[PDB]
Structures are given as structure tokens and as C-alpha cells.
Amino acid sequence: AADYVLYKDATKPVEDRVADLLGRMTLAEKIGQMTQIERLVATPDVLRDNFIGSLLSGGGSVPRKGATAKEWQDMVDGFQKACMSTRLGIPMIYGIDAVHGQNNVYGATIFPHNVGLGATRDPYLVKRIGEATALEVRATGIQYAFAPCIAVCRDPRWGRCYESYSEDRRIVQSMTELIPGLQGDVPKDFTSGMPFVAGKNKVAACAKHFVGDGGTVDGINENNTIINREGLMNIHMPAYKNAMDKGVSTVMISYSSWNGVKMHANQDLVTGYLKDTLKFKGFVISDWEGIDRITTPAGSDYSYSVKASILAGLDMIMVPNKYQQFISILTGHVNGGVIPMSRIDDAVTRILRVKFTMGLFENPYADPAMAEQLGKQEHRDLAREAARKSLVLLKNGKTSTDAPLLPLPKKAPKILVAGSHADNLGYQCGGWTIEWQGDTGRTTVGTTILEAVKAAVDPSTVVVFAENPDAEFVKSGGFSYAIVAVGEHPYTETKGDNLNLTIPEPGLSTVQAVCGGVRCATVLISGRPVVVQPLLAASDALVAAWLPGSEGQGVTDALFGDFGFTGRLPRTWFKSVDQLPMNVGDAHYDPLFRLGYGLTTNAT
């Protein structure tokens, strides 16, 4: 046609489309592509006027409580209509933390957190979870998931240990299969470091947080990782190469420092290593107010934050609120020659490369036929499989000569289900579920451990629930056995940092009351190893269930012997927090349970 514009031609090669569009852009259009804002500060005028490149939902940033998939699609499409109305019509990309399913959304399947996935040693399971997650994210109109976290947690006092598959880099490397699940498999020909997304039923992925987020002193979140280059490259870096080989579209930078250098200011690692050595050609995104946190106190020199980060090689800044100040400062740095146009053009080349590659110019709007993928039963069946595979049986009898307690019989006259975590969907999902920090009670659609027991047992079995029964209640109750579930409360990021790793009361006291009256199976809900000798001493059987998500029937599938226990510890279980850090090759390696430990059962 006479009004032909090459970048708008879907038959043209991505690199030609990128260069064609880049060549038309003004500095304001270029800096707008580099800007990611919260939906909370977005309006149609803001998105058009500042040529915004991306939006996100932070944890709990939702159009309303209980919103349907269509409500999400209508919100995202509203923002997109504004972006498509700009002079160049560059669609925005919408990101979200879909880190164990599409976890901010009511009715989304919630998969086990990464630590329990590590326990499965099943990369294909994790790929299938990426596939199901992409469908439930696209059900809501969202095109970009901030996952996987390929942190290698080296100290369980870290609040984000549950977001790491393992302390063993080799397990983390294996679980990079989430990437082709979320994005699609890369073709035969594929060049390591290029971005890839198969099309409108897949999402852009994000390898995070580059690099050494799991290596910080005493597990302090966002703090310093003190390790020589050989150890950074041997432990923290390897899974990023697997991510490049699988075509991960984006990389998010860590709040943490390496030997005192902020990652958000580290040109040698972000440009010298990730871009120039690993040949990454997708886009690099900040963390949330990550450039503000380059300084002490955070946000005390935002002009320096902007200069340091953009010169380090970051492409897109998760501002996410003060966009006027970000755009203004960056524009002033370019106008002043402090940041060269070559750097702006690289950042925009990478952002557009991802957008064109993933088909976002061809399919900028949501597909209403995808809405019904949210919470689909096949995905729940997958989450139930994953939860069951994640369980690690730590004890199954007090002595070598006792009858094994597990598997339990489905037919018994009366059984007890007890503990703070037995009937609390929010607790079994943990952080990053509906709210940022997670929450308590019936926050979404799912099955608690109590509901799963009631669904599993013979009709003649009477199930009694008591959250915190006393010893006499148990001894007088006529119970065959008890299932008692206790553990950690939900947490995220620095709220989770914990130097004592002792579960909250009344958990141990409830286990001791229950188990002292009747044979008991203790189900421990945690993001990590926690002080466990007292729980073990009380219990006939004890299962580390991690944070198994919405499908509590995965727990009962192994308790009642439909399947055998197969999970193995993906991290060391410490005897004492004074040991830490303590990893599977140090001089003082003296675990309660070594990495890889796990008892088994046979299906009944």
C-alpha cells in the first residue's frame, strides 16, 4: 500500500522491524519504552503522554478483590488501547509475579513454591507447570511473568529461600525447564542468548535476580554477597547460561551487591558479562525501586540512581510509581551528554526485540476465549501431582521396629485432623498468593488438608477437626490416628528473613498434645528447613510438605498411599541455626538430614 510502514508488517524479520521503528522514534518515545509503571499510577493520558513501554501489577495490585479473568483482560486491554493510540502505536507489555501459578488472581491454580519443586527432581513436571502458568497468565490478558527465580539459596535464614529450587546449582539448572514451559520451546537453529516467545498463548519469562541473590551474608535479603569470582561463577551464575540457551526473554537485576558493588550499578556484570559474554539479546529490567536502592538511604540521589543503572546496562526500569521524575532525569542526562544516545538505542532495541519476537504487535489485546483457562481442572490435577511429588518423608515410625504409620488407612472409626495449618488455605500457599505477603484463611479456590482428608476417607470414617486440642481431648476422643499440620506463616522478601527459624507457637505444643494421645502424622508447612528435632521427637511420622499451594489433595494422596513418597530434600536440613551457613561441601558439614535425604513408601 501507499501508507506502508515496515515495522507494522508482520511478514518482515524482527531485526528489520526493530531497526525500522527505532529510526522513527523521538527521545521521549525511546525513554517511554524504557519506563515500566504500576497499574496504580497508570491512566490513559499518562500512558499516551509519556509513551509508556510497560505496566506491571506488584503483589496484591489487582483491579479488585475477587476479580474475574475477564475483569483482568478488560483492565489490561484498557491500558493497551491507550498505548496503541500513540503516534507510533507501540503496544505495552504487562508484567506480573506469576511465580507459583498466576498467584495474584482469585481462582488461579496455585502450584507448590520452588523449594518443593526442587524436592521433585522432575524438570518435566516444572516445564508442564510453566505451560499451565502461561495459559492462566494469558487467561488474564497478561503477557509477561517475572519467573523463574534461579537464586541458589545458600542460607535458609533468607526470606526468599522458598523461591529457590535448591542450594545445589545443578538442581536449579535442571529446573530452568520452566522457561520453555512459559515461553515455548526454541527452534532447532536457536542462538543462545536470543529472546523467544512462541506466540499469543505463551508469555515472556524473566530469569531473576542477576546475580548472587541467594548468596547474601547471613541470608539478609538485598544485602551483600561476599564470594570470589570463581564461587560466583561456580554457584550463582550457571543457571543463567541454561536460561540463555533456552531463550529467556528478560533478566531482572538483584537488589543485592557483589563484594560491595550494587548489582543495579554493576556495568562489568550486566554489560561485560550478561550482554557481552553470555550474548544476552533480550532486555534487562530493574527490580522494584531497584535503582533507588543503589544509594543509602534509598532514593537520596535519584539522579545518580538513573545514571548508574542506565550506564551499567539496564534497559527497562521498574520505577514503578515516580515515572515523571524518572523520565525527566533520564531525558536531562541524555540532553547533557551524560548518557549517550547509543545506550538509549541499545535499551530500546532490546525492548522492541522482545515485543516483536513474542508477537505483541500482532496480538496486543487479550483473547476472551482464554479466560476459562483460569483454575482449570487439568491444571489443578498437575498442581496436585506436583504437591505430592514435593513431599519429603523425614520419619515414618519412632523405632526401627514399630509398624510404619504411613500410609494411613482410609477406613477407621474416627480420626483427628488438627493444627493451625490443617484448615488454612492461605498458610498452605505461603507468600506471593493473592496478597504480596500471602494471607490467612480462605483467600482463593482450593482444598485445605482437612478438606482433602474428608474427600479421601471411606464414608464410615468420622473426621473430627480441632485446631489446637489439649492432651485430654485427644486421649478421650477414641481416635485411630491424627494428622496434625503446623508450620510457618506466609511471608515474602525481607519479612521472611529469620535468624532463629523456629516455627510459631502453638505448633510444637499442638503436635506434642496430639501425638502424646494417639499415633500421629505431622505435616510441616514451611518455606525452608526449620528447627525440627522437637517436632520429630513427638511424631510417629513427619512430612516436610513445603508450601504446596492450592491442591491439598496432593498431601493426602501420599498420606493414604494412593502414591508412594518420592520427594528428596533439595537442601540441607541443619541441626542448629548456629551452624549456618552450612552447605553440602564445607569443613563443618554436619546435617540433621543431608541434601537428597528422603524416606519412601509404596502405594497401597
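Start at 1 with the first residue shown and count on from there.
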Fill in the blank from the handout: Avg C-alpha B-factor, entry values, 574-582 vs 556-564, higher side is 574-582
Fill in the blank from the handout: With B-factors read from the PDB entry, the higher C-alpha mean of 330-338 and 248-256 is in 330-338
Fill in the blank from the handout: Looking only at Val486, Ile351, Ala139, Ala513, the Cα with the top B-factor belongs to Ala513
Fill in the blank from the handout: The residue of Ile434, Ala151, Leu135, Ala471 with the maximal C-alpha B-factor according to the PDB record is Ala471
Completion exercise
Assert third(CA B-factor, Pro187) within chain per record equals highest
Completion exercise
Of the three thirds of the chain ranked by Cα temperature factor, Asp287 occupies the lowest
Problem - Third of the chain, ranked by Cα B-factor, where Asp301 sits - result: highest
Practice task
For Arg48, return the chain-relative third of its C-alpha B-factor as stated in the PDB record: lowest, middle or highest.
Solution key: highest
Exercise for the section: Divide the modelled residues of the chain into thirds by Cα B-factor and specify which third, lowest, middle or highest, holds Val217. Expected result: highest
